[PDB]
file final.cif (mmCIF, C-alpha atoms and all ligand atoms)
data_model
loop_
_atom_site.label_atom_id
_atom_site.label_comp_id
_atom_site.auth_asym_id
_atom_site.auth_seq_id
_atom_site.Cartn_x
_atom_site.Cartn_y
_atom_site.Cartn_z
CA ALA A 143 91.51 57.31 75.44
CA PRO A 144 88.58 59.61 74.59
CA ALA A 145 87.07 57.38 71.87
CA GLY A 146 84.83 55.98 74.61
CA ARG A 147 83.65 59.39 75.82
CA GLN A 148 82.90 60.73 72.32
CA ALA A 149 79.54 58.99 71.76
CA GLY A 150 80.28 58.68 68.03
CA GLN A 151 80.57 62.47 67.75
CA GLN A 152 84.37 62.63 67.46
CA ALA A 153 83.99 64.60 64.22
CA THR A 154 81.78 67.37 65.58
CA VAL A 155 83.67 67.36 68.91
CA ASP A 156 87.13 67.47 67.35
CA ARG A 157 86.08 70.30 65.06
CA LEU A 158 84.39 72.31 67.80
CA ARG A 159 87.44 71.78 70.00
CA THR A 160 89.71 73.30 67.34
CA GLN A 161 87.17 76.05 66.79
CA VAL A 162 87.13 77.10 70.46
CA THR A 163 90.89 76.82 71.09
CA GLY A 164 91.46 78.68 67.85
CA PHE A 165 89.52 81.66 69.15
CA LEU A 166 90.85 81.57 72.71
CA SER A 167 94.43 81.16 71.53
CA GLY A 168 93.87 83.57 68.65
CA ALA A 169 92.89 86.24 71.13
CA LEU A 170 95.80 85.15 73.31
CA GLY A 171 98.39 85.62 70.58
CA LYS A 172 97.31 89.13 69.68
CA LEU A 173 97.00 90.22 73.31
CA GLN A 174 100.37 88.66 74.12
CA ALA A 175 101.86 90.51 71.18
CA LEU A 176 100.31 93.85 72.17
CA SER A 177 101.40 93.39 75.78
CA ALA A 178 104.93 92.36 74.83
CA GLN A 179 105.14 95.38 72.53
CA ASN A 180 103.90 97.68 75.31
CA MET A 181 100.94 98.96 73.26
CA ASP A 182 97.44 99.90 74.43
CA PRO A 183 94.88 97.54 72.89
CA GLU A 184 92.12 100.05 72.05
CA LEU A 185 94.61 102.50 70.50
CA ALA A 186 95.86 99.48 68.51
CA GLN A 187 92.27 99.00 67.32
CA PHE A 188 91.81 95.68 69.16
CA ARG A 189 88.18 95.33 70.20
CA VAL A 190 88.75 94.25 73.81
CA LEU A 191 85.14 94.89 74.88
CA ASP A 192 83.90 92.33 72.37
CA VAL A 193 86.62 89.80 73.05
CA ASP A 194 86.19 90.14 76.83
CA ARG A 195 82.45 89.58 76.41
CA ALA A 196 82.89 86.52 74.15
CA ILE A 197 85.56 84.77 76.24
CA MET A 198 84.05 85.49 79.67
CA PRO A 199 81.51 82.62 79.69
CA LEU A 200 84.27 80.27 78.62
CA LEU A 201 86.64 81.59 81.30
CA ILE A 202 84.05 80.96 83.99
CA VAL A 203 83.56 77.36 82.87
CA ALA A 204 87.32 76.83 83.10
CA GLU A 205 87.57 78.54 86.47
CA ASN A 206 84.63 76.56 87.79
CA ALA A 207 86.32 73.33 86.74
CA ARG A 208 89.76 74.43 87.96
CA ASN A 209 88.32 75.31 91.40
CA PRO A 210 85.24 73.30 92.44
CA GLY A 211 83.14 75.23 94.96
CA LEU A 212 83.64 78.53 93.14
CA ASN A 213 80.13 78.16 91.71
CA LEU A 214 80.68 81.20 89.58
CA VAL A 215 77.58 82.34 87.79
CA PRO A 216 77.22 85.32 85.48
CA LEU A 217 74.26 87.53 86.35
CA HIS A 218 72.90 90.85 85.19
CA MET A 219 70.77 93.63 86.59
CA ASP A 220 67.39 94.58 85.10
CA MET A 221 68.81 97.60 83.30
CA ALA A 222 71.06 95.15 81.37
CA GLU A 223 67.93 93.83 79.64
CA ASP A 224 67.18 97.27 78.22
CA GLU A 225 68.63 97.50 74.70
CA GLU A 226 68.36 101.29 74.81
CA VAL A 227 70.59 102.25 77.73
CA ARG A 228 73.13 99.35 77.63
CA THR A 229 76.43 99.57 75.74
CA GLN A 230 76.62 95.79 75.37
CA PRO A 231 74.21 92.89 75.80
CA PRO A 232 74.81 90.56 78.74
CA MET A 233 77.26 87.73 78.05
CA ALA A 234 76.03 84.31 76.89
CA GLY A 235 74.42 82.22 79.63
CA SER A 236 73.90 85.26 81.85
CA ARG A 237 70.89 85.15 84.17
CA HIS A 238 68.59 87.88 85.47
CA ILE A 239 69.12 88.23 89.22
CA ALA A 240 65.36 87.98 89.87
CA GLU A 241 65.31 84.71 87.93
CA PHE A 242 68.37 83.53 89.80
CA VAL A 243 67.11 84.35 93.31
CA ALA A 244 63.76 82.68 92.59
CA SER A 245 65.07 79.46 91.01
CA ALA A 246 68.63 79.04 92.26
CA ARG A 247 69.13 76.03 94.46
CA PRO A 248 70.24 77.04 97.96
CA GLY A 249 73.99 77.27 98.51
CA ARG A 250 77.09 79.41 98.01
CA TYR A 251 77.79 81.31 94.80
CA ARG A 252 80.20 83.75 93.25
CA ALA A 253 79.10 86.08 90.52
CA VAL A 254 79.96 88.74 88.01
CA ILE A 255 77.15 91.25 87.75
CA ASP A 256 76.57 93.16 84.54
CA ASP A 257 74.47 96.31 84.77
CA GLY A 258 74.59 96.89 81.02
CA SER A 259 77.68 99.06 80.91
CA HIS A 260 79.74 97.90 83.88
CA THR A 261 80.56 94.68 85.72
CA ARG A 262 81.09 94.00 89.44
CA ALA A 263 81.96 90.96 91.55
CA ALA A 264 79.70 89.38 94.19
CA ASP A 265 79.58 86.70 96.91
CA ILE A 266 76.12 85.20 97.28
CA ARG A 267 74.63 83.07 100.04
CA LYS A 268 71.20 81.52 99.59
CA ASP A 269 69.48 79.44 102.27
CA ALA A 270 66.15 79.15 104.12
CA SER A 271 66.70 82.38 106.08
CA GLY A 272 67.10 84.30 102.82
CA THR A 273 69.68 85.52 100.33
CA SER A 274 72.68 87.63 101.29
CA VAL A 275 75.19 89.28 98.97
CA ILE A 276 78.58 90.97 99.27
CA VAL A 277 79.34 93.06 96.19
CA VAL A 278 82.82 94.27 95.36
CA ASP A 279 83.02 96.87 92.63
CA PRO A 280 86.47 97.26 91.01
CA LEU A 281 85.60 100.82 89.97
CA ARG A 282 85.42 103.82 92.29
CA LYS A 283 85.20 107.00 90.21
CA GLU A 284 82.17 108.69 91.79
CA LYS A 285 83.14 112.18 92.98
CA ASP A 286 80.69 112.38 95.87
CA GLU A 287 80.19 109.27 98.01
CA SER A 288 76.37 109.46 97.84
CA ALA A 289 76.06 107.55 94.55
CA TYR A 290 77.38 104.54 96.45
CA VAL A 291 74.39 104.86 98.76
CA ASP A 292 72.22 104.58 95.66
CA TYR A 293 74.30 101.68 94.32
CA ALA A 294 73.98 99.78 97.61
CA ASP A 295 70.23 100.37 97.59
CA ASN A 296 70.01 99.57 93.87
CA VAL A 297 71.82 96.28 94.39
CA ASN A 298 69.60 95.28 97.32
CA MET A 299 66.44 96.12 95.37
CA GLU A 300 67.59 93.83 92.55
CA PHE A 301 68.07 90.84 94.87
CA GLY A 302 64.88 91.39 96.85
CA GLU A 303 64.00 93.68 99.77
CA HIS A 304 64.52 90.70 102.13
CA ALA A 305 68.09 90.20 101.04
CA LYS A 306 70.93 91.29 103.28
CA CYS A 307 73.44 93.27 101.26
CA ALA A 308 76.84 94.89 101.42
CA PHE A 309 78.28 97.12 98.71
CA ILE A 310 82.05 97.57 98.66
CA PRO A 311 83.39 100.07 96.11
CA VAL A 312 87.13 99.67 95.60
CA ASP A 313 89.63 101.81 93.65
CA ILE A 314 91.14 99.18 91.34
CA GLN A 315 90.09 100.06 87.77
CA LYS A 316 91.48 103.06 85.85
CA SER A 317 90.92 102.00 82.27
CA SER A 318 87.49 101.85 80.69
CA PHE A 319 87.47 98.23 79.50
CA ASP A 320 89.03 96.11 82.29
CA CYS A 321 85.96 95.71 84.49
CA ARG A 322 85.38 92.07 83.41
CA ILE A 323 88.83 90.60 84.10
CA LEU A 324 88.98 92.58 87.35
CA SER A 325 85.59 91.27 88.47
CA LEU A 326 86.51 87.72 87.54
CA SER A 327 89.69 87.95 89.61
CA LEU A 328 87.83 89.37 92.60
CA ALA A 329 85.44 86.44 92.40
CA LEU A 330 88.36 84.02 92.53
CA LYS A 331 89.79 85.91 95.48
CA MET A 332 86.40 85.62 97.18
CA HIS A 333 86.45 81.85 96.94
CA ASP A 334 89.99 82.16 98.24
CA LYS A 335 88.78 84.09 101.28
CA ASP A 336 85.65 81.94 101.50
CA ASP A 337 85.82 81.68 105.31
CA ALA A 338 86.23 85.44 105.76
CA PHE A 339 83.28 86.14 103.46
CA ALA A 340 81.08 83.61 105.21
CA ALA A 341 81.70 85.32 108.54
CA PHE A 342 80.60 88.57 106.94
CA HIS A 343 77.39 87.04 105.63
CA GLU A 344 76.77 85.88 109.19
CA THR A 345 77.34 89.33 110.67
CA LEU A 346 75.07 90.72 107.94
CA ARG A 347 72.18 88.56 109.07
CA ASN A 348 72.81 89.26 112.75
CA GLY A 350 76.30 92.56 114.64
CA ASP A 351 79.24 94.98 114.33
CA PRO A 352 81.00 94.85 110.93
CA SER A 353 84.23 95.90 112.71
CA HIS A 354 85.30 92.25 112.87
CA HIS A 355 85.11 92.26 109.05
CA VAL A 356 85.53 95.78 107.60
CA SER A 357 87.08 99.07 108.70
CA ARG A 358 84.33 101.52 107.71
CA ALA A 359 80.67 100.78 107.01
CA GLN A 360 77.24 102.42 107.17
CA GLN A 361 73.61 101.37 106.85
CA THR A 362 71.68 103.19 104.16
CA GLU A 363 68.63 105.21 105.13
CA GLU A 364 66.25 103.57 102.64
CA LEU A 365 66.84 99.81 102.80
CA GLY A 366 69.41 99.52 105.56
CA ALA A 367 71.84 97.86 103.20
CA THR A 368 75.50 98.01 104.07
CA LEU A 369 77.76 100.44 102.25
CA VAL A 370 81.45 99.78 102.88
CA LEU A 371 83.71 102.70 102.02
CA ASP A 372 86.71 100.87 103.51
CA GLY A 373 86.76 97.11 102.92
CA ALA A 374 89.92 96.17 104.81
CA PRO A 375 90.65 93.63 106.10
CA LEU A 376 87.99 91.79 104.07
CA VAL A 377 89.43 93.59 101.06
CA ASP A 378 93.11 92.74 101.57
CA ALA A 379 96.35 93.06 99.57
CA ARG A 380 95.59 89.97 97.53
CA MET A 381 92.48 91.78 96.29
CA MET A 382 94.43 94.91 95.36
CA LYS A 383 97.10 93.24 93.24
CA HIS A 384 95.69 94.35 89.88
CA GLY A 385 95.18 97.97 90.95
CA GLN A 386 96.15 99.76 87.75
CA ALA A 387 97.25 103.06 89.28
CA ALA A 388 100.35 102.97 91.47
CA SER A 389 98.83 105.81 93.50
CA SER A 390 95.83 103.60 94.38
CA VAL A 391 98.01 100.73 95.59
CA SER A 392 100.26 103.10 97.54
CA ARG A 393 97.39 105.11 99.06
CA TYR A 394 95.85 101.80 100.12
CA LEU A 395 99.10 100.64 101.70
CA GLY A 396 99.46 104.00 103.43
CA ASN A 397 95.97 103.54 104.88
CA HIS A 398 96.67 99.92 105.79
CA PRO A 399 100.42 99.47 106.52
CA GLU A 400 99.84 95.95 107.86
CA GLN A 401 99.05 94.80 104.31
CA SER A 402 102.40 96.04 103.01
CA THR A 403 104.43 93.08 104.25
CA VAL A 404 102.22 90.03 103.60
CA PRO A 405 102.94 87.84 100.54
CA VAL A 406 100.52 88.18 97.60
CA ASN A 407 101.92 85.17 95.71
CA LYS A 408 104.20 82.13 96.06
CA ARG A 409 107.19 84.24 95.00
CA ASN A 410 106.75 86.05 98.34
CA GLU A 411 106.23 89.43 96.74
CA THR A 412 104.63 92.23 98.71
CA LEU A 413 101.79 94.23 97.13
CA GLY A 414 104.20 97.11 96.52
CA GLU A 415 106.92 94.87 95.04
CA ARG A 416 104.53 93.25 92.56
CA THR A 417 102.87 96.48 91.41
CA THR A 418 106.27 98.06 90.78
CA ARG A 419 107.28 95.03 88.73
CA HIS A 420 104.22 95.62 86.52
CA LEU A 421 104.69 99.36 85.93
CA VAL A 422 104.85 100.35 82.29
CA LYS A 423 104.87 103.68 80.48
CA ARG A 424 102.74 104.06 77.34
CA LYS A 425 100.15 106.16 75.55
CA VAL A 426 96.48 105.57 76.33
CA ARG A 427 93.25 107.08 74.90
CA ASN A 428 92.21 110.34 76.59
CA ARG A 429 88.89 110.19 78.44
CA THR A 437 92.27 117.63 75.97
CA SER A 438 94.16 117.61 73.82
CA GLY A 439 93.81 115.14 72.48
CA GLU A 440 93.06 111.52 71.59
CA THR A 441 96.01 110.18 73.64
CA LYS A 442 98.03 110.84 76.80
CA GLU A 443 101.19 109.22 78.21
CA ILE A 444 100.82 107.50 81.55
CA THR A 445 102.62 105.11 83.88
CA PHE A 446 100.52 102.29 85.29
CA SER A 447 100.43 98.61 86.18
CA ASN A 448 99.77 96.28 83.26
CA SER A 449 98.72 93.54 85.71
CA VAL A 450 95.21 93.23 84.28
CA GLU A 451 96.42 92.78 80.74
CA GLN A 452 98.84 90.12 82.04
CA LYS A 453 95.98 88.48 83.95
CA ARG A 454 93.75 88.48 80.87
CA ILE A 455 96.56 86.70 79.07
CA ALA A 456 97.08 84.19 81.90
CA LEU A 457 93.37 83.39 82.04
CA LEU A 458 93.20 82.79 78.26
CA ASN A 459 96.16 80.42 78.65
CA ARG A 460 94.28 78.41 81.30
CA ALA A 461 91.09 78.13 79.29
CA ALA A 462 92.86 77.09 76.09
CA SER A 463 94.62 74.33 78.03
CA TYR A 464 91.40 73.17 79.66
CA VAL A 465 89.61 72.78 76.32
CA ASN A 466 92.51 70.78 74.83
CA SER A 467 91.92 68.14 77.48
CA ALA A 468 88.27 68.75 78.31
CA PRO A 469 85.64 66.01 77.96
CA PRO A 470 83.26 66.33 74.95
CA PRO A 471 80.26 67.59 76.99
CA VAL A 472 82.41 70.50 78.15
CA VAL A 473 83.65 71.16 74.59
CA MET A 474 80.06 71.14 73.32
CA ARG A 475 79.07 73.53 76.04
CA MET A 476 81.86 76.00 75.38
CA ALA A 477 81.30 75.91 71.64
CA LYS A 478 77.65 76.76 72.20
CA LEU A 479 78.55 79.60 74.58
CA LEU A 480 80.77 81.09 71.87
CA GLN A 481 78.03 80.77 69.24
CA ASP A 482 75.50 82.29 71.64
CA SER A 483 77.69 85.40 71.84
CA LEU A 484 76.71 86.27 68.26
CA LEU A 485 73.04 86.46 69.19
CA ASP A 486 71.36 89.61 70.55
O1 LIG A 501 93.71 83.84 91.62
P1 LIG A 501 94.07 82.71 90.66
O2 LIG A 501 93.48 83.07 89.29
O3 LIG A 501 93.37 81.44 91.13
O4 LIG A 501 95.77 82.51 90.55
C1 LIG A 501 96.60 82.79 91.56
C2 LIG A 501 97.44 84.18 91.40
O5 LIG A 501 96.93 85.02 90.42
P2 LIG A 501 96.55 86.66 90.67
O6 LIG A 501 97.69 87.61 90.30
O7 LIG A 501 95.29 87.11 89.92
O8 LIG A 501 96.24 86.88 92.14
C3 LIG A 501 99.05 84.20 91.38
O9 LIG A 501 99.53 84.94 90.37
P3 LIG A 501 100.72 86.21 90.35
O10 LIG A 501 100.89 86.89 91.71
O11 LIG A 501 102.10 85.72 89.90
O12 LIG A 501 100.29 87.31 89.37
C4 LIG A 501 99.72 82.72 91.51
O13 LIG A 501 100.96 82.70 90.96
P4 LIG A 501 102.38 82.43 91.78
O14 LIG A 501 102.06 82.08 93.24
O15 LIG A 501 103.19 81.26 91.17
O16 LIG A 501 103.33 83.65 91.76
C5 LIG A 501 98.84 81.45 91.12
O17 LIG A 501 98.69 81.22 89.79
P5 LIG A 501 99.59 80.06 88.85
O18 LIG A 501 99.98 78.85 89.70
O19 LIG A 501 98.75 79.52 87.67
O20 LIG A 501 100.87 80.62 88.23
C6 LIG A 501 97.55 81.60 91.99
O21 LIG A 501 96.88 80.40 92.15
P6 LIG A 501 96.01 79.83 93.50
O22 LIG A 501 95.44 80.99 94.33
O23 LIG A 501 94.83 78.93 93.08
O24 LIG A 501 96.88 78.96 94.42
#
call {"tool": "encode", "arguments": {"input": "final.cif", "output": "structure tokens"}}
result
Amino acid sequence: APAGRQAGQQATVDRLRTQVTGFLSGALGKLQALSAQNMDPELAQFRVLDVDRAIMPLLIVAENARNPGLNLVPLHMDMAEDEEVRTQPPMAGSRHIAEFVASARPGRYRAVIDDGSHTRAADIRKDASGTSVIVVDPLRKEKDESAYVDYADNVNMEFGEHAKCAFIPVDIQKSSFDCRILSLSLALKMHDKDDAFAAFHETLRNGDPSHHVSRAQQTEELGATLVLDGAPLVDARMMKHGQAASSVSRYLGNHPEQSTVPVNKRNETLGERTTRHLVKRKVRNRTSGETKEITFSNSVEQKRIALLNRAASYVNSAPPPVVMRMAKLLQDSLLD
């Protein structure tokens, strides 16, 4: 019974519980309906950017509780604090990296890093020796691979010049609004490959990345690591939600050994699973005009739905202090 754990607040708790599940499940029902009807959300006038920003802090709480040791913390870069450049304010509970590095208790963390307009995933190690970070970006649209040099340097400068850093840009995202669900999934995959990421942190502080990645280079300015080929650290299980079939196939062509390993309990290969998620629909054009018809994997929209399902279930059976916390995180999203 929960009457013992309610501290006489069963009225406020029970009402905040309904309020949070109502929003999570309310978003779930529309997204499930749009996905089942094979319709693009932004063409259907669903404001995914705002829903993804409001549910994210609540998803992390659920994921942190579902997998202890994930230690997933939302963080943002300095440019995210600038109301002039940013397209959206950082999500509720988000911390400035400088504040985090200075005050975070030593240990292992996962993170989603908002720069104001885009979000990446990260694996952070903080101890006496220093802080080290492995950043995986689900977007790779830069035409010339020199912006990644800047990104790697820009990420290192945000964590401190004494931090060891690796920047891994990966061709997963194709849409404009999926960078939050993709980064959240990469974080979960990081905790899944915890051992492999710890051995990379070790090599970062000490030799040859060849035991961990296929292609890497130190940057001229800060000597941070830029990885333009993350395999095998970036394996098939990290490429599952690649939206373009050409990205998954190019990746498998470059790393054939990843084409036969199981990516889930159903024993699907990366290629089998992506094919199962291929849909054909109209999307917004980013000549002429407005829309274009494409064939892509709806894995991310299915994953957004599956994550909302998890969170809504967690809250239904969550203890009051968790309910209070998630209700506040939702209210805090209407600030800024
Ligand atoms: O990474 P998680 O969020 O922790 O969930 C993953 C995973 O999800 P991803 O697609 O993002 O990698 C699988 O999902 P699918 O391949 O089917 O899409 C899987 O499912 P199955 O093995 O049953 O096929 C199962 O999730 P669940 O048990 O809730 O259905 C699994 O969980 P774990 O990695 O924690 O074991």
call {"tool": "residues_near_ligand", "arguments": {"input": "final.cif", "ligand": "ligand LIG 501 (chain A)", "cutoff": "9 Å", "atoms": "only C-alpha atoms and all ligand atoms", "output": "ChimeraX atom specification"}}
result
/A:205,208-209,324,326-331,334,380-384,406-411,416,449-450,452-453,456-457,460
call {"tool": "axis_aligned_box", "arguments": {"input": "final.cif", "around": "segment 231-250 of chain A", "padding_each_side": "5 Å", "output": "JSON"}}
result
{"center_x": 70.5, "center_y": 84.5, "center_z": 87.2, "size_x": 23.5, "size_y": 26.9, "size_z": 32.7}
call {"tool": "residues_around", "arguments": {"input": "final.cif", "residues": "segment 222-237 of chain A", "least_positions_apart": "5", "cutoff": "6 Å", "atoms": "only C-alpha atoms", "output": "mmCIF file with C-alpha atoms, keeping the file's coordinate frame"}}
result
data_model
loop_
_atom_site.group_PDB
_atom_site.id
_atom_site.type_symbol
_atom_site.label_atom_id
_atom_site.label_comp_id
_atom_site.auth_asym_id
_atom_site.auth_seq_id
_atom_site.Cartn_x
_atom_site.Cartn_y
_atom_site.Cartn_z
ATOM 1 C CA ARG A 195 82.450 89.580 76.410
ATOM 2 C CA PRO A 216 77.220 85.320 85.480
ATOM 3 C CA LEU A 217 74.260 87.530 86.350
ATOM 4 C CA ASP A 257 74.470 96.310 84.770
ATOM 5 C CA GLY A 258 74.590 96.890 81.020
ATOM 6 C CA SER A 259 77.680 99.060 80.910
ATOM 7 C CA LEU A 479 78.550 79.600 74.580
ATOM 8 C CA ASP A 482 75.500 82.290 71.640
ATOM 9 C CA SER A 483 77.690 85.400 71.840
#
call {"tool": "closest_residue", "arguments": {"input": "final.cif", "among": "A:297, A:268, A:315, A:187", "to": "residue 283 of chain A", "atoms": "all atoms listed in the file"}}
result
A:315
call {"tool": "atom_distance", "arguments": {"input": "final.cif", "atom1": "atom CA of residue 484 of chain A", "atom2": "atom CA of residue 323 of chain A"}}
result
20.4 Å
